[PDB]
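Line order of the protein sequences matches chains A and A'. A prime marks a further copy of an entry chain.
If you count by the entry's author numbering, then the first sequence holds residues 24 to 271, 276 to 325, 346 to 715, 721 to 790, one letter each, in order.
If you count by the entry's author numbering, then the second sequence holds residues 595 to 715, 721 to 743, one letter each, in order.
Quick reminder that beta carbons are idealized off the backbone N, C-alpha and C, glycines included.
Quick notes on the structure that follows.
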Amino acid sequence: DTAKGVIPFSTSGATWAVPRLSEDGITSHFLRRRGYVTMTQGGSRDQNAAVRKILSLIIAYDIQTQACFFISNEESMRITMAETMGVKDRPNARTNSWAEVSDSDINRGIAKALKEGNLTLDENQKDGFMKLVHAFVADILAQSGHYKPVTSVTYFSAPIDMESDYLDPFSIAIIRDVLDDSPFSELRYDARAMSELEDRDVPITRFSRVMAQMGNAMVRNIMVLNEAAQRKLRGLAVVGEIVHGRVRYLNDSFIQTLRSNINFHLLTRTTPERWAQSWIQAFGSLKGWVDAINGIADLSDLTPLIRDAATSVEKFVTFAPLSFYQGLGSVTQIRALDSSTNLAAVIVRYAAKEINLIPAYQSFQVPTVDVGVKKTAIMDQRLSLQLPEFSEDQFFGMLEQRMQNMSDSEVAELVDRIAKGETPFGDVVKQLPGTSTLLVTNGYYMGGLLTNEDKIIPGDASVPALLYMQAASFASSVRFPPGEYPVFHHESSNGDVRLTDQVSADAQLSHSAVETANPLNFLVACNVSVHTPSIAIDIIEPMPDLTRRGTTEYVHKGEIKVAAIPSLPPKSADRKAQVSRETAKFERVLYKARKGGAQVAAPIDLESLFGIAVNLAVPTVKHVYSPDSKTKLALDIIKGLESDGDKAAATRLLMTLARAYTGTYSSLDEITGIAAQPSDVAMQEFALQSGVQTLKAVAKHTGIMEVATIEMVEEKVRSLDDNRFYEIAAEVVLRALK
Amino acid sequence: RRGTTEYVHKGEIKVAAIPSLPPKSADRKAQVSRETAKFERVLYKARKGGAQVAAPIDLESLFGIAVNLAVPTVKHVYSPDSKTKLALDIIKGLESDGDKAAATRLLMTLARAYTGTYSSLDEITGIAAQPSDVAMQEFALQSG
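Next up, the structure:
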């Protein structure tokens, strides 16, 4: 709606802007995290140019631009060259044409000119800056060329942080576009000058000079980017407040998709300084310009600024169903025993790829002096370490049933019970935010998909983003009042709509019309369900790629872990002498037979599992859904079924869960396991208990998962029925024999 | 030559020291009225009786957004200043010995030329005023 100025409406499908999902392996968004971007120094001129590009996009302006002013300053560059080659930074100082420069030489040169440079840098600046100026000098001095890299070295720098900025991915998108065309991506050379450098016997003065002018052009290059960025922002701070109507007849294709964008609308309400900054140069301030096009409506042709902004915003920001995205969310509604016309639970299952198993490689360790880091030389894959491997399907299965057999009043009780802070199921089941039904999500528990930001819905209930969005994406049109929340409308005929008491106070409701400022209401109770979820959440390079590994050495803080296995004493029975002690010094199985009931103690020999003289190097997986936050799901579902009482269900899930934890390392030295006798169970009990306790000891010495969460289970499995212990233990000796 | 060389100049080229407006709906309006503040303005006193007008001049949006106009100094033969100073001396000398008819026509011509060029080149900002049809078209001269 756009009669004669601006006025309210309510698109039933409003859209919030999310980050356009990339597979680029250089960023981390709030649903997808990236630990480390893998990187490289030296090797060859081309390898350094691949990196110089990725560095072009990772490191932010203030570090990048700072480096360009460093390069533009001759007196600084004279010193980095003068020191790179063994000579003084003086007008009469000569370097040869046969001199070959290792990257080692460049860096200690740059370092020396930072040091005398007398400019103050953060630890972060100093690090990013040293990598740009290195990648620039190793390209000049390849073109020169005196570069002759002694080797390739791999470091890991960290990705672009879009972990916050749920609310504003627009200024992130602008900046990130403009970085593509950044002065560090491709260096433009002067061939005439470069010939002077190829020449022997060159004075060092001729080297600084040409690098200076190259920099001096990069500085201009940036002044142009810092302009074409602030031109785009100018355009965004024009869309608001034409959208709120402090300025005046345009319903552009862009402006339209942003008038029904909850994100934009909030950010723009009172005008954002970050975007109004850009008008201080042109007119200044924004209010000076705003008065201009309100004198005019009573320095025009405004439609390219908006178009400029768009191409950027568009290529980095997809707008979402409160349309797409109608996932990634398995929405299955479930109604009380009082079938119609009101429901109890709304299940929302976000899925993503996990990793079932992790490869492990024999490594040796290479000296450096830092503690600090370690260099390691990963050689051969020699195992693949196993995880739990339990399907999250069945757990929500027993939970569906439970919520169906929930009567109408039973439910509204559990809700109040929960709304008072009680959390019977953990964060699996919560109050549906601002509605009187409850929801049953996966993703409070995974990737932190759901976390609650509290301005989106009117009123007092804070609400997770990817619901508000997945719900609003089921809305047919969307009304946009200046200075208020978006009001949504859903119109889908005819009978597939319920008239219910559960919806928040603001909601109008008929059969096939729903009109509320709180989208989740469209699950109370419009017939809205999605069998399987739209978009599985993906990780590119979840593990650091040791695919190069025959040819390069690696440097890692935490991203690779090396195994500090304790070695057993080699002795028929000197093992047995320390195993029983119940306080000695290599990993063991330590259970207390539930068949009454002496203490068992058996040594765990990681030696013979991992290989004989081998220090497993094991990558750390940056998971989306981590064994620890999954197992911690199941256990919270089991606990919450344990009351309100479904012993039948709860005790079946705990069984499933158990089978998975004990299965993997069972079975993998008779006379050693003590105390025991040739019982047929006491023995098949060992089979369970070593199967978890060796998985535990493996997860201790290789950072696969927290030991914490294995003991969390071990405990819930001691408390498992004595009759069941031995059903699963039969199952595990029968699997083991084959 | 300018794409290929740098320039060195005492006076022959001048670079613009524009004052930047404050970027604010109406923090502009708060300093414009003061009749003593710090960016260029239109400052006339309506000959239609007759409050003081004060409106900010935004060289920013005329010259370009982040741009420092370098402007060559023209070595003229007949310079606007020694021409306009002709016309004004002719107008004054016609004003007596009396030709009001002539003198007041020339002054009109002269005026049209001075006001024409930058007219018109931010409604709510120009203060004090009301939607008069002249008070407004007076601004048009006076800002020009």
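| Asked | Found |
| --- | --- |
| Count the other CB atoms, across all protein chains shown, that sit within 10 Å of the CB of residue 608 of chain A; report buried if there are 16 or more and exposed otherwise. | buried |
| Got a sec, what are the start and stop residues for the alpha helix (DSSP H) residue 700 of chain A sits in? | 694-710 |
| What is the C-beta distance between residue 79 of chain A and residue 207 of chain A, in whole angstroms, given that I count them as a contact (C-beta under 8 Å)? | 4 Å |
| DSSP three-state call for residue 562 of chain A: helix, strand or coil? | strand |
| Are any of the Cβ atoms in chain A nearer than 8 Å to that of residue 725 of chain A'? | yes |
| Could you say which of A:70, A:195 and A:263 lies nearest to residue 159 of chain A if we only look at CA atoms? | A:70 |
| My parser needs the beta strand (DSSP E) runs of 3 or more residues fully inside the segment 618-686 of chain A'; what are they? | 664-666 |
| Have a look at A:403, A:682, A:710 and A:672 and flag the residue whose alpha-carbon is nearest the alpha-carbon of residue 698 of chain A. | A:682 |
| Taking C-beta to C-beta, are residue 465 of chain A and residue 451 of chain A nearer than 8 Å? | no |
| According to DSSP, residue 602 of chain A sits in a beta bridge with which residue or residues? | A:422 |
| Along the segment 289-321 of chain A, what residues have a CB closer than 9 Å to any CB found in chain A'? | 298, 300, 303, 304, 305, 306, 307, 308, 309, 310, 311, 312, 313, 314, 315, 316, 317, 318, 319, 320 and 321 |
| Does the segment 528-537 of chain A come close enough to the segment 695-710 of chain A to have 3 or more Cβ pairs within less than 8 Å? | no |
| Need the endpoints of the alpha helix (DSSP H) that residue 732 of chain A sits in, please. | Here residue 732 of chain A belongs to no alpha helix (DSSP H), and DSSP marks it neither H nor E. |
| Using only CA atoms, which one of A':667, A':655 and A':701 lies nearest to residue 679 of chain A'? | A':701 |
| Please name the residues in the segment 639-658 of chain A' whose beta-carbon is closer than 8 Å to at least one beta-carbon of chain A, in chain order. | 650, 652, 654, 655, 656 and 658 |
| Helix, strand or coil, according to DSSP, for residue 582 of chain A in the structure here? | coil |
| Alpha helix (DSSP H) containing residue 575 of chain A: first to last residue? | It is not in any alpha helix (DSSP H) - residue 575 of chain A carries neither H nor E in the DSSP assignment. |
| According to DSSP, what are the bridge partners of residue 184 of chain A? | A:51 |
| Is residue 257 of chain A close to chain A', meaning its C-beta is less than 8 Å from at least one C-beta of that chain? | yes |
| Between residue 620 of chain A' and chain A, is there a C-beta pair that is closer than 8 Å? | yes |
| Output needed for residue 370 of chain A: all residues of its chain with C-beta closer than 7 Å, excluding positions within five of it in sequence on either side, in chain order. | 284 |
| Are the C-beta of residue 615 of chain A' and some C-beta of chain A separated by less than 8 Å? | yes |
| Would you list the one or two residues that DSSP bridges to residue 306 of chain A? | Residue 306 of chain A is not bridged to any residue. |
| Beta-carbon of residue 660 of chain A' versus every beta-carbon of chain A: anything under 8 Å? | yes |
| Going straight from the alpha carbon of residue 668 of chain A to that of residue 733 of chain A, what length do you get? | 37 Å |
| Using DSSP with H/G/I as helix, E/B as strand and the rest coil, what is residue 56 of chain A? | coil |
| Mind listing the chain A' neighbours of residue 554 of chain A? Cutoff is C-beta to C-beta under 9 Å, in chain order. | None at all; the shortest Cβ gap to chain A' is about 35 Å. |
| What ranges does the beta strand (DSSP E) occupy inside the segment 148-192 of chain A, keeping only unbroken runs of at least 3 residues that lie completely in it? | 183-185 |
| Helix, strand or coil for residue 294 of chain A per DSSP? | helix |
| With 8 Å set as the bound, which would you pick, yes or no: does the beta-carbon of residue 128 of chain A sit closer than that to a beta-carbon of chain A'? | no |
| For residue 108 of chain A and residue 90 of chain A, what's the separation of their Cα atoms in angstroms? | 21 Å |
| Can you give the Cα-Cα distance for residue 188 of chain A and residue 41 of chain A, rounded to whole angstroms? | 9 Å |
| How would you write the range of the alpha helix (DSSP H) that residue 795 of chain A sits in, first residue to last? | For residue 795 of chain A there is no data in the structure shown, the boundaries of chain A being 24 and 790. |
| Listed from N- to C-terminal order along the chain, which residues in the segment 416-433 of chain A have their beta-carbon within a distance smaller than 9 Å of any beta-carbon of chain A'? | none |
| How about residue 325 of chain A: is its C-beta nearer than 8 Å to some C-beta of chain A'? | yes |
| So which residues on chain A does residue 722 of chain A' lean against when the C-beta distance must stay under 8 Å? | 318, 319, 320, 321, 322, 323, 324 and 325 |
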